[PDB]
file run38.txt (compact mmCIF, C-alpha atoms and all ligand atoms)
# COMPACT_ATOMS: atom_id res chain seq x y z
CA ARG K 4 97.32 88.83 100.88
CA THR K 5 95.60 86.01 98.90
CA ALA K 6 95.22 84.52 95.41
CA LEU K 7 94.39 87.45 93.14
CA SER K 8 91.31 87.24 90.95
CA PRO K 9 90.22 89.38 88.00
CA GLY K 10 88.65 92.76 88.70
CA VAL K 11 86.70 94.57 86.00
CA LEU K 12 88.06 96.26 82.85
CA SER K 13 87.43 99.90 81.99
CA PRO K 14 86.53 100.56 78.35
CA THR K 15 89.30 100.90 75.67
CA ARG K 16 91.15 104.15 76.22
CA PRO K 17 91.12 106.23 73.03
CA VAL K 18 94.30 107.27 71.15
CA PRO K 19 94.18 110.63 69.32
CA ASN K 20 93.78 109.67 65.66
CA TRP K 21 96.97 111.50 64.54
CA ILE K 22 99.26 109.08 66.35
CA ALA K 23 100.40 106.32 63.94
CA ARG K 24 99.28 102.80 64.95
CA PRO K 25 101.47 99.69 64.52
CA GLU K 26 100.14 97.53 61.61
CA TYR K 27 98.66 94.86 63.96
CA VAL K 28 96.19 97.11 65.74
CA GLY K 29 92.76 95.54 65.42
CA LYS K 30 94.08 92.43 63.59
CA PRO K 31 94.25 88.98 65.16
CA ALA K 32 98.04 88.50 64.67
CA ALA K 33 101.14 90.72 64.12
CA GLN K 34 103.35 90.93 60.93
CA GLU K 35 106.62 90.21 62.81
CA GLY K 36 109.09 87.35 63.46
CA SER K 37 111.26 87.59 60.27
CA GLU K 38 112.91 90.98 60.60
CA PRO K 39 116.63 91.62 60.51
CA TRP K 40 118.31 91.45 63.92
CA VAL K 41 120.79 94.22 63.06
CA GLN K 42 119.08 97.61 62.76
CA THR K 43 120.01 100.39 60.34
CA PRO K 44 121.63 103.55 61.94
CA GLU K 45 118.37 105.42 61.42
CA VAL K 46 116.20 102.73 63.13
CA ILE K 47 118.65 102.84 66.15
CA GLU K 48 118.32 106.61 66.47
CA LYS K 49 114.56 106.43 66.30
CA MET K 50 114.68 103.59 68.98
CA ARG K 51 116.54 105.88 71.43
CA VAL K 52 113.40 108.10 71.24
CA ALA K 53 110.91 105.26 71.58
CA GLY K 54 113.10 103.99 74.40
CA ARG K 55 113.28 107.26 76.37
CA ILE K 56 109.50 107.74 76.02
CA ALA K 57 108.64 104.19 77.24
CA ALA K 58 111.17 104.84 80.11
CA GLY K 59 109.23 108.01 80.83
CA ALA K 60 105.89 106.32 80.92
CA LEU K 61 107.27 103.57 83.26
CA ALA K 62 108.71 105.96 85.93
CA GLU K 63 105.46 108.02 85.82
CA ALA K 64 103.15 105.05 86.28
CA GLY K 65 105.66 103.62 88.79
CA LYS K 66 105.41 106.77 90.96
CA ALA K 67 101.69 106.14 91.30
CA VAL K 68 102.31 102.67 92.79
CA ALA K 69 100.84 102.81 96.34
CA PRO K 70 98.49 100.88 98.57
CA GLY K 71 95.12 102.16 97.37
CA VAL K 72 95.63 102.60 93.62
CA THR K 73 94.04 100.49 90.92
CA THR K 74 96.07 98.86 88.21
CA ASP K 75 93.61 100.48 85.81
CA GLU K 76 94.87 103.74 87.25
CA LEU K 77 98.47 102.84 86.36
CA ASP K 78 97.38 102.05 82.79
CA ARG K 79 95.61 105.37 82.59
CA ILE K 80 98.79 107.17 83.71
CA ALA K 81 101.01 105.18 81.35
CA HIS K 82 98.55 105.57 78.46
CA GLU K 83 98.33 109.35 79.01
CA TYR K 84 102.16 109.76 79.20
CA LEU K 85 102.74 107.86 75.89
CA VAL K 86 99.90 109.76 74.13
CA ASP K 87 101.08 113.21 75.30
CA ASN K 88 104.46 112.38 73.81
CA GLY K 89 103.10 111.27 70.48
CA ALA K 90 103.53 107.53 71.13
CA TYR K 91 101.12 104.74 70.47
CA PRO K 92 101.08 102.21 73.36
CA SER K 93 102.54 99.09 71.72
CA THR K 94 100.38 96.65 73.80
CA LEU K 95 97.05 98.26 72.79
CA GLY K 96 95.27 95.93 70.30
CA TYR K 97 98.42 93.79 70.13
CA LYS K 98 96.90 90.29 69.47
CA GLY K 99 93.69 91.56 71.06
CA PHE K 100 95.37 92.63 74.29
CA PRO K 101 92.92 95.30 75.79
CA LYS K 102 95.18 97.77 77.62
CA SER K 103 98.27 100.13 77.17
CA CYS K 104 100.53 98.26 79.54
CA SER K 105 100.51 95.01 81.48
CA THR K 106 100.32 95.16 85.26
CA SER K 107 101.47 92.05 86.99
CA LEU K 108 101.13 91.84 90.78
CA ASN K 109 102.45 89.16 93.12
CA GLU K 110 101.93 85.57 91.79
CA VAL K 111 101.30 87.04 88.33
CA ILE K 112 104.43 86.11 86.34
CA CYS K 113 103.55 88.33 83.34
CA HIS K 114 100.74 89.77 81.08
CA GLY K 115 98.36 90.79 83.84
CA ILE K 116 95.64 93.10 82.59
CA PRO K 117 95.02 96.59 84.10
CA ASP K 118 91.72 96.56 85.97
CA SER K 119 89.86 97.57 89.11
CA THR K 120 92.24 95.51 91.35
CA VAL K 121 93.42 97.59 94.28
CA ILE K 122 97.02 97.45 95.22
CA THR K 123 97.30 96.54 98.91
CA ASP K 124 100.01 96.98 101.52
CA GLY K 125 102.90 94.62 100.79
CA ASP K 126 102.27 93.97 97.07
CA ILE K 127 104.75 93.86 94.20
CA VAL K 128 103.64 95.35 90.95
CA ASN K 129 105.31 94.96 87.63
CA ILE K 130 104.46 97.58 85.00
CA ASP K 131 105.43 96.59 81.47
CA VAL K 132 105.28 99.40 78.90
CA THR K 133 106.15 99.52 75.17
CA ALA K 134 106.17 102.70 72.97
CA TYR K 135 105.72 102.97 69.24
CA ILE K 136 106.80 106.28 67.58
CA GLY K 137 108.66 107.00 64.37
CA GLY K 138 108.10 103.47 63.15
CA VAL K 139 109.95 101.68 66.01
CA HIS K 140 109.31 100.18 69.58
CA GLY K 141 110.90 100.82 73.06
CA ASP K 142 110.19 98.15 75.65
CA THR K 143 110.75 98.17 79.46
CA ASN K 144 109.40 96.94 82.73
CA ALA K 145 110.08 97.12 86.46
CA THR K 146 108.63 95.63 89.59
CA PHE K 147 107.61 98.23 92.22
CA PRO K 148 106.97 97.55 95.92
CA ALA K 149 103.75 99.00 97.43
CA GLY K 150 103.95 99.86 101.14
CA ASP K 151 105.49 97.44 103.76
CA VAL K 152 106.64 94.62 101.49
CA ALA K 153 108.01 91.50 103.25
CA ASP K 154 111.84 91.05 103.29
CA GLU K 155 111.42 87.82 101.35
CA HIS K 156 109.72 89.84 98.61
CA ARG K 157 112.08 92.84 98.64
CA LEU K 158 115.13 90.63 98.37
CA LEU K 159 113.39 88.99 95.40
CA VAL K 160 112.80 92.31 93.56
CA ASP K 161 116.28 93.68 94.10
CA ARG K 162 117.91 90.35 93.14
CA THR K 163 115.82 90.22 89.90
CA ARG K 164 116.98 93.83 89.14
CA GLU K 165 120.54 92.70 89.85
CA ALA K 166 120.20 89.70 87.58
CA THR K 167 119.07 91.99 84.71
CA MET K 168 121.84 94.50 85.28
CA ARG K 169 124.48 91.65 85.32
CA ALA K 170 123.05 90.20 82.14
CA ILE K 171 123.20 93.64 80.43
CA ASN K 172 126.82 94.23 81.42
CA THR K 173 127.97 91.12 79.60
CA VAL K 174 126.39 92.26 76.33
CA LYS K 175 129.18 92.88 73.76
CA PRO K 176 129.75 92.25 70.05
CA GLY K 177 131.50 88.95 69.43
CA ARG K 178 130.17 87.31 72.50
CA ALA K 179 127.62 84.44 72.47
CA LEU K 180 123.97 85.36 73.23
CA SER K 181 123.70 82.33 75.58
CA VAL K 182 125.98 84.21 78.01
CA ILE K 183 122.99 86.29 79.16
CA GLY K 184 120.93 83.22 80.20
CA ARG K 185 123.96 81.78 82.02
CA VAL K 186 124.69 84.88 84.14
CA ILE K 187 120.95 85.21 84.97
CA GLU K 188 120.22 81.68 86.00
CA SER K 189 123.46 81.37 87.95
CA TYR K 190 122.69 84.57 89.93
CA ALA K 191 119.09 83.37 90.47
CA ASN K 192 119.99 79.76 91.49
CA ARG K 193 122.50 81.25 93.93
CA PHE K 194 119.59 82.38 96.16
CA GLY K 195 117.36 79.38 95.48
CA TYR K 196 115.15 81.14 92.88
CA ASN K 197 113.94 79.72 89.58
CA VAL K 198 114.16 81.52 86.29
CA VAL K 199 111.05 81.27 84.06
CA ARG K 200 111.70 79.37 80.82
CA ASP K 201 108.67 79.64 78.48
CA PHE K 202 108.78 83.41 78.46
CA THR K 203 111.76 85.11 76.87
CA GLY K 204 113.44 88.33 75.81
CA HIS K 205 113.14 89.38 72.21
CA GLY K 206 114.55 91.17 69.25
CA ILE K 207 112.79 94.50 68.81
CA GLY K 208 113.09 97.18 66.08
CA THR K 209 110.37 98.18 63.58
CA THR K 210 108.52 95.26 65.11
CA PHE K 211 107.57 94.29 68.71
CA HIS K 212 108.87 90.74 68.84
CA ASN K 213 110.93 90.27 65.68
CA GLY K 214 111.80 86.49 65.87
CA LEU K 215 115.07 86.93 67.79
CA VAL K 216 114.58 85.03 71.11
CA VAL K 217 116.74 85.81 74.26
CA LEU K 218 116.59 82.89 76.77
CA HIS K 219 117.05 83.83 80.43
CA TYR K 220 118.27 80.40 81.50
CA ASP K 221 121.43 78.40 80.74
CA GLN K 222 121.16 77.04 77.18
CA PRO K 223 124.56 76.70 75.42
CA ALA K 224 123.10 74.99 72.29
CA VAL K 225 122.12 78.52 71.09
CA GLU K 226 124.78 79.49 68.58
CA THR K 227 123.86 83.20 68.20
CA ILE K 228 126.68 85.65 68.46
CA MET K 229 125.90 89.26 69.37
CA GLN K 230 126.70 91.79 66.50
CA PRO K 231 126.94 95.59 66.59
CA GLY K 232 123.53 97.16 65.84
CA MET K 233 121.63 94.21 67.41
CA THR K 234 118.60 95.46 69.40
CA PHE K 235 116.96 93.06 71.91
CA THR K 236 115.31 92.87 75.35
CA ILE K 237 116.58 91.26 78.62
CA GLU K 238 113.38 90.69 80.65
CA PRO K 239 113.85 87.86 83.31
CA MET K 240 110.91 86.63 85.42
CA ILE K 241 112.31 85.08 88.55
CA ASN K 242 110.11 82.80 90.73
CA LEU K 243 110.24 82.29 94.45
CA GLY K 244 108.74 78.77 94.04
CA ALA K 245 107.88 76.19 91.37
CA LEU K 246 108.08 77.02 87.67
CA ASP K 247 104.57 75.63 87.08
CA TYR K 248 101.89 78.07 85.97
CA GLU K 249 98.25 78.63 84.82
CA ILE K 250 96.43 81.15 82.56
CA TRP K 251 93.20 83.09 83.39
CA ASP K 252 89.85 82.94 81.46
CA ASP K 253 90.87 86.22 79.91
CA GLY K 254 93.58 84.17 78.14
CA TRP K 255 96.38 86.61 79.02
CA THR K 256 97.19 86.65 82.75
CA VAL K 257 99.88 84.12 83.82
CA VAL K 258 99.91 82.95 87.41
CA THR K 259 102.15 80.60 89.34
CA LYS K 260 100.38 77.36 90.24
CA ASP K 261 101.59 77.45 93.86
CA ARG K 262 100.62 81.18 94.15
CA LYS K 263 104.17 82.10 95.23
CA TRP K 264 105.36 85.57 94.12
CA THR K 265 107.55 86.31 91.09
CA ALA K 266 109.39 89.45 89.84
CA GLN K 267 110.68 90.91 86.63
CA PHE K 268 112.64 93.76 85.07
CA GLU K 269 113.21 94.68 81.42
CA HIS K 270 115.35 97.01 79.25
CA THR K 271 115.77 97.41 75.52
CA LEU K 272 119.42 96.94 74.52
CA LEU K 273 121.76 98.03 71.75
CA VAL K 274 124.85 96.08 70.93
CA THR K 275 127.47 98.70 70.00
CA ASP K 276 130.88 98.35 68.27
CA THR K 277 132.60 97.65 71.57
CA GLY K 278 129.82 97.40 74.18
CA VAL K 279 126.19 97.92 75.14
CA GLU K 280 123.82 100.88 75.24
CA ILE K 281 120.58 100.78 77.21
CA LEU K 282 117.94 102.50 75.09
CA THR K 283 115.13 102.50 77.70
CA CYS K 284 116.46 105.42 79.81
CA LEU K 285 115.13 108.94 80.50
CO CO K 301 107.93 94.53 77.99
CO CO K 302 109.85 92.86 75.95
K K K 303 104.89 89.50 89.66
call {"tool": "encode", "arguments": {"input": "run38.txt", "output": "structure tokens", "more": "lines below"}}
Ligand SMILES: [Co+2]
Ligand SMILES: [Co+2]
Ligand SMILES: [K+]
result
Amino acid sequence: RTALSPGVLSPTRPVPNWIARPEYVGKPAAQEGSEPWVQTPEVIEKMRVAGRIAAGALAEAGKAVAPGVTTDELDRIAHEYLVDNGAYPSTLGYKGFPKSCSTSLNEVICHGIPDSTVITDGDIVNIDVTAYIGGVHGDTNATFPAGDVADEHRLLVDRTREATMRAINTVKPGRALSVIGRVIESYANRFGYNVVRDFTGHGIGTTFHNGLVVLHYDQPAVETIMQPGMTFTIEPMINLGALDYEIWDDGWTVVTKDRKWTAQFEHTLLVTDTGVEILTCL
């Protein structure tokens, strides 16, 4: 399998006009980055519903992952699942992004665009899906293997999953946010991988990326302490090779410079009075 290149984009999929759009749809930038980090009880309830629906759309599009299938076909399946549930696909028209999820194969770190690219035997495919319903977002991603994936590349996926699940388990009120990046990068570095630095987790509520940043590497200077009612993502991109990367002419797709493969998982988390709740479950 060699250096991916861009296929061709289908036209914008339509969203029935009854489904409420986030404010940024069709605008160049989003109104976000200065929202409260602690959600009201009502916003948290509504986020369990966004969360379950984006977890539905991810499993559904993930079941279609197979040698043969286009990434456009995954986007179609994700788009249709969100729409049939009354959810707007958060990515659609978000800063001009063209599709309803991001599909990121192999040396694509993140933000790959659904197109006519055909998944081949041995590929790894990340599907990243966000839902917007009742005023709030649910955000979640997983890397799926397609056919006979190399051991090297299976170990990578399962170890990225494992990093994310370790990170999540250490989420509790009163503990420092920098504990997440420490657990992740220590797990990663244990097997010689390299955690991506420029791309982060985020606060999420009534907005997509609300200004709260969640580093996936070890950075103790961050003073932020986790509080009950905090809602944020853990979404680590773990690289087999060098951290260096490039961006396609489409201005979205991020690829590793050395073309070595990379994997990611993501969940949307609630900090509770004593623990953690994962909102992006079925
Ligand atoms: Co995401
Ligand atoms: Co996210
Ligand atoms: K990838």
call {"tool": "residues_near_point", "arguments": {"input": "run38.txt", "point": "(98.9, 90.2, 67.0)", "cutoff": "6 Å", "atoms": "only C-alpha atoms", "output": "CSV table (one decimal) with C-alpha atoms, in the frame of the given file"}}
result
chain,number,residue,atom,x,y,z
K,27,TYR,CA,98.7,94.9,64.0
K,31,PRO,CA,94.2,89.0,65.2
K,32,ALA,CA,98.0,88.5,64.7
K,33,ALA,CA,101.1,90.7,64.1
K,97,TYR,CA,98.4,93.8,70.1
K,98,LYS,CA,96.9,90.3,69.5
call {"tool": "residues_around", "arguments": {"input": "run38.txt", "residues": "residue 119 in chain K", "least_positions_apart": "4", "cutoff": "12 Å", "atoms": "all atoms listed in the file", "output": "number ranges by chain"}}
result
K: 7-14, 71-79, 106
call {"tool": "closest_atom_pairs", "arguments": {"input": "run38.txt", "of": "chain K", "to": "ligand CO 302 (chain K)", "cutoff": "12 Å", "atoms": "all atoms listed in the file", "output": "tab-separated table"}}
result
residue	atom	partner	partner_atom	distance
K:54	CA	K:CO302	CO	11.7
K:57	CA	K:CO302	CO	11.5
K:93	CA	K:CO302	CO	10.5
K:94	CA	K:CO302	CO	10.4
K:104	CA	K:CO302	CO	11.4
K:105	CA	K:CO302	CO	11.1
K:113	CA	K:CO302	CO	10.7
K:114	CA	K:CO302	CO	10.9
K:130	CA	K:CO302	CO	11.5
K:131	CA	K:CO302	CO	8.0
K:132	CA	K:CO302	CO	8.5
K:133	CA	K:CO302	CO	7.7
K:134	CA	K:CO302	CO	10.9
K:140	CA	K:CO302	CO	9.7
K:141	CA	K:CO302	CO	8.5
K:142	CA	K:CO302	CO	5.3
K:143	CA	K:CO302	CO	6.4
K:144	CA	K:CO302	CO	7.9
K:145	CA	K:CO302	CO	11.3
K:202	CA	K:CO302	CO	9.8
K:203	CA	K:CO302	CO	8.0
K:204	CA	K:CO302	CO	5.8
K:205	CA	K:CO302	CO	6.1
K:206	CA	K:CO302	CO	8.4
K:207	CA	K:CO302	CO	7.9
K:208	CA	K:CO302	CO	11.3
K:210	CA	K:CO302	CO	11.2
K:211	CA	K:CO302	CO	7.7
K:212	CA	K:CO302	CO	7.5
K:213	CA	K:CO302	CO	10.6
K:215	CA	K:CO302	CO	11.4
K:216	CA	K:CO302	CO	10.3
K:217	CA	K:CO302	CO	10.0
K:234	CA	K:CO302	CO	11.2
K:235	CA	K:CO302	CO	8.2
K:236	CA	K:CO302	CO	5.5
K:237	CA	K:CO302	CO	7.4
K:238	CA	K:CO302	CO	6.3
K:239	CA	K:CO302	CO	9.8
K:240	CA	K:CO302	CO	11.4
K:267	CA	K:CO302	CO	10.9
K:268	CA	K:CO302	CO	9.6
K:269	CA	K:CO302	CO	6.7
K:270	CA	K:CO302	CO	7.6
K:271	CA	K:CO302	CO	7.5
K:272	CA	K:CO302	CO	10.5
K:283	CA	K:CO302	CO	11.1
call {"tool": "write_last_selection", "arguments": {"input": "run38.txt", "atoms": "C-alpha atoms", "output": "mmCIF file, in the frame of the given file"}}
result
data_model
loop_
_atom_site.group_PDB
_atom_site.id
_atom_site.type_symbol
_atom_site.label_atom_id
_atom_site.label_comp_id
_atom_site.auth_asym_id
_atom_site.auth_seq_id
_atom_site.Cartn_x
_atom_site.Cartn_y
_atom_site.Cartn_z
ATOM 1 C CA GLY K 54 113.100 103.990 74.400
ATOM 2 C CA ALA K 57 108.640 104.190 77.240
ATOM 3 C CA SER K 93 102.540 99.090 71.720
ATOM 4 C CA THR K 94 100.380 96.650 73.800
ATOM 5 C CA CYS K 104 100.530 98.260 79.540
ATOM 6 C CA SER K 105 100.510 95.010 81.480
ATOM 7 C CA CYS K 113 103.550 88.330 83.340
ATOM 8 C CA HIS K 114 100.740 89.770 81.080
ATOM 9 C CA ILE K 130 104.460 97.580 85.000
ATOM 10 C CA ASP K 131 105.430 96.590 81.470
ATOM 11 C CA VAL K 132 105.280 99.400 78.900
ATOM 12 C CA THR K 133 106.150 99.520 75.170
ATOM 13 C CA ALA K 134 106.170 102.700 72.970
ATOM 14 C CA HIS K 140 109.310 100.180 69.580
ATOM 15 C CA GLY K 141 110.900 100.820 73.060
ATOM 16 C CA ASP K 142 110.190 98.150 75.650
ATOM 17 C CA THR K 143 110.750 98.170 79.460
ATOM 18 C CA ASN K 144 109.400 96.940 82.730
ATOM 19 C CA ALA K 145 110.080 97.120 86.460
ATOM 20 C CA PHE K 202 108.780 83.410 78.460
ATOM 21 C CA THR K 203 111.760 85.110 76.870
ATOM 22 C CA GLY K 204 113.440 88.330 75.810
ATOM 23 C CA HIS K 205 113.140 89.380 72.210
ATOM 24 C CA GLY K 206 114.550 91.170 69.250
ATOM 25 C CA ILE K 207 112.790 94.500 68.810
ATOM 26 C CA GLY K 208 113.090 97.180 66.080
ATOM 27 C CA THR K 210 108.520 95.260 65.110
ATOM 28 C CA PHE K 211 107.570 94.290 68.710
ATOM 29 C CA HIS K 212 108.870 90.740 68.840
ATOM 30 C CA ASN K 213 110.930 90.270 65.680
ATOM 31 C CA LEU K 215 115.070 86.930 67.790
ATOM 32 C CA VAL K 216 114.580 85.030 71.110
ATOM 33 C CA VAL K 217 116.740 85.810 74.260
ATOM 34 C CA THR K 234 118.600 95.460 69.400
ATOM 35 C CA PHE K 235 116.960 93.060 71.910
ATOM 36 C CA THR K 236 115.310 92.870 75.350
ATOM 37 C CA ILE K 237 116.580 91.260 78.620
ATOM 38 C CA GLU K 238 113.380 90.690 80.650
ATOM 39 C CA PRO K 239 113.850 87.860 83.310
ATOM 40 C CA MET K 240 110.910 86.630 85.420
ATOM 41 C CA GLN K 267 110.680 90.910 86.630
ATOM 42 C CA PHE K 268 112.640 93.760 85.070
ATOM 43 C CA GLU K 269 113.210 94.680 81.420
ATOM 44 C CA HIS K 270 115.350 97.010 79.250
ATOM 45 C CA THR K 271 115.770 97.410 75.520
ATOM 46 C CA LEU K 272 119.420 96.940 74.520
ATOM 47 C CA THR K 283 115.130 102.500 77.700
#
call {"tool": "closest_residue", "arguments": {"input": "run38.txt", "among": "K:273, K:285, K:154, K:103", "to": "ligand CO 301 (chain K)", "atoms": "only C-alpha atoms and all ligand atoms"}}
result
K:103
call {"tool": "residues_near_ligand", "arguments": {"input": "run38.txt", "ligand": "ligand K 303 (chain K)", "cutoff": "12 Å", "atoms": "all atoms listed in the file", "output": "PyMOL selection string"}}
result
chain K and resi 7+105-115+126-131+144-148+156-157+159-160+163+199+239-243+256-259+262-268
call {"tool": "atom_distance", "arguments": {"input": "run38.txt", "atom1": "CA of residue 151 in chain K", "atom2": "CA of residue 260 in chain K"}}
result
24.7 Å
call {"tool": "residues_near_point", "arguments": {"input": "run38.txt", "point": "(125.2, 89.9, 79.8)", "cutoff": "8 Å", "atoms": "all atoms listed in the file", "output": "PyMOL selection string"}}
result
chain K and resi 168-175+182-184+186
call {"tool": "closest_residue", "arguments": {"input": "run38.txt", "among": "K:228, K:281, K:152, K:95", "to": "residue 28 in chain K", "atoms": "only C-alpha atoms"}}
result
K:95
call {"tool": "residues_around", "arguments": {"input": "run38.txt", "residues": "residue 81 in chain K", "least_positions_apart": "6", "cutoff": "7 Å", "atoms": "all atoms listed in the file", "output": "PyMOL selection string"}}
result
chain K and resi 60-61+63-64
call {"tool": "atom_distance", "arguments": {"input": "run38.txt", "atom1": "CA of residue 49 in chain K", "atom2": "CA of residue 90 in chain K"}}
result
12.1 Å
call {"tool": "atom_distance", "arguments": {"input": "run38.txt", "atom1": "CA of residue 230 in chain K", "atom2": "CA of residue 46 in chain K"}}
result
15.5 Å
call {"tool": "closest_residue", "arguments": {"input": "run38.txt", "among": "K:92, K:164, K:279, K:223", "to": "ligand CO 301 (chain K)", "atoms": "only C-alpha atoms and all ligand atoms"}}
result
K:92
call {"tool": "closest_residue", "arguments": {"input": "run38.txt", "among": "K:29, K:58, K:120, K:191", "to": "ligand CO 301 (chain K)", "atoms": "all atoms listed in the file"}}
result
K:58
call {"tool": "closest_residue", "arguments": {"input": "run38.txt", "among": "K:250, K:139, K:198, K:67", "to": "residue 220 in chain K", "atoms": "all atoms listed in the file"}}
result
K:198
